[PDB]
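Below are the chains, spelled out letter by letter.
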Amino acid sequence: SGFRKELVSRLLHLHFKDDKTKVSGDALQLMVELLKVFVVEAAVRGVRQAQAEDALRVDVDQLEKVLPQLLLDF
Amino acid sequence: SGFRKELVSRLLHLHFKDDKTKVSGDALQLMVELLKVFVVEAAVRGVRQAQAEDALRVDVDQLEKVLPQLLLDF
Amino acid sequence: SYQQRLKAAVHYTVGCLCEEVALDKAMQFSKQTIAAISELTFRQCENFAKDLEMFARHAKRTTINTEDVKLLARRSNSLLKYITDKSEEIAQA
Amino acid sequence: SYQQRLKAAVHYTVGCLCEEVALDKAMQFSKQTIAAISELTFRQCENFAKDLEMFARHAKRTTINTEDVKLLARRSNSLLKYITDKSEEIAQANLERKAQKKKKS
DNA sequence: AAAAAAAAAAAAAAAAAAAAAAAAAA
DNA sequence: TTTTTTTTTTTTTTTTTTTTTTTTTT
């Protein structure tokens, strides 16, 4: 369960400087996959942080502790 | 005082995938300048972090607090 | 506004993905964590977009292709292997 | 090994640069921070090198030039300005090279 | 740790070879 | 006047120079 192609297309077009810009179908497909990996990494890393500090659930404190390395990795 | 050209040349050649790759003299010169800027930024940003948290010296904790943004900037 | 709707769509998908991870690992995510990942994902897209456009433009192309994307994902090696495999698979279609 | 000594050379230079910042800003750097910066710089060279080689390759050259490097330093605008300045200066140093060599004209 | 030489590729001039214009015949 | 030969003028090929980038040695 992940992102729709049309969704990712709209998200990117919001931010292009040049309105000429388009996205190839294969590129769009790879971006759908990349965004899933990003989200799942954030989630999985947060879970590892929560586990590591012996917390009862994944809370914003843990997420925040995992953000710095996540961002370097992306 | 900064990096020697020969040093930067050796550092880069360690990591090239294609052994064919060489470095032009002007490019090498600019890289020497760029690496200085990188190191000085790390140092200066660490000093600002230490000052900001009122530390007596720039310790690893402050450096680590400055790394995320440094890396995004480079 | 336009960006608000896009963030909501991202949040929905992020929620889906995190829910799948949660059910797999038998650990819950707070609603705030889901929201923060969605926000981070939205913000990350700005950086991704600008870089992709510079990679394309830097090669004198107006259309961003798979090589630009793979270049973007150069940073962790397990991720790079992951991506290349997927690229060959998409090409098989 | 080879890379160990390259790391030591990087650490030495990083130490000198950080010493200059420390003396200038009147705040010390721990030895650990110096070592961390050296480690990061060594690791960062891998990313720099691969990117530079791809940029050169990308434009069908075997020699990485100033344009590839400036492209690499694109990310912060203060940085980009600094680098371009330096390049023209370096070229100006190059003119002196022309002055050195004898000219038929 | 710095400086110059060694190694490799690039670039320019000198040598070689043919045709056009001008001369000379049939 | 035409069609190849002789002197000057032009052309391309090889060799050598002349620079460019990296590595070695004291």
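All residue numbers given refer to positions from 1 along each chain's written sequence rather than to the entry's numbering, and residues for which no coordinates exist are omitted. The order in which chains are written sets their letters, starting at A; the order in which ligands are written sets their numbers, starting at 1. To obtain the side-chain values, all non-hydrogen atoms of the structure were included, while hydrogens and water were left out.

Looking at the entry header, you'll see X-ray crystallography listed as the method and 6.9990 Å as the resolution.

Within the PDB entry, the label attached to chain C reads Centromere protein S, and the organism entered is Homo sapiens. The title field of the PDB entry reads "Human MHF1-MHF2 DNA complex". UniProt positions are given in the numbering used here, feature names are shortened, and annotations may be inferred rather than shown by experiment. Chain C has a UniProt comment under Sequence similarities that states "Belongs to the TAF9 family. CENP-S/MHF1 subfamily."

As recorded by the PDB entry, chain A carries the name Centromere protein X and is attributed to Homo sapiens. UniProt annotates chain A under Sequence similarities with the comment "Belongs to the CENP-X/MHF2 family."

Student: Mind showing me how you'd approach the overall build of chain C here?
Tutor: Helix and strand assignments follow DSSP, with helices taken as H or I runs no shorter than four residues and strands as E runs no shorter than two, numbered in order from the N terminus. Scanning chain C for helices and strands turns up four helices and zero strands. Seen in sequence order, chain C has helices and strands lined up from the N terminus as α-α-α-α. This radius of gyration counts C-alpha atoms alone. The globule rule is 2.2 Å times how many residues there are, raised to the power 0.38. The C-alpha atoms of chain C give 16 Å as radius of gyration, which overshoots the globular expectation for 93 residues (12 Å, by more than 25%). Taken along the three principal axes of its C-alpha coordinates, chain C extends 45 × 35 × 25 Å. Exposure classes here rest on a 1.4 Å probe applied to the protein chains alone. A residue is buried below 20% of its type maximum, exposed above 50%, and partly exposed in between. When each of the 93 residues of chain C is scored for burial, the buried share is 46%. Every residue pair with non-hydrogen atoms within 4.5 Å of one another is taken to be in contact. Sequence separation of at least 24 residues holds for 24% of the intrachain contacts in chain C that already meet a minimum separation of 6. For the accessible areas, the method is Shrake-Rupley and the probe is 1.4 Å, while residue cover comes only from the protein chains on display. With an accessible surface of roughly 5,300 Å², chain C has 52% of that area assigned to carbon and sulfur atoms.

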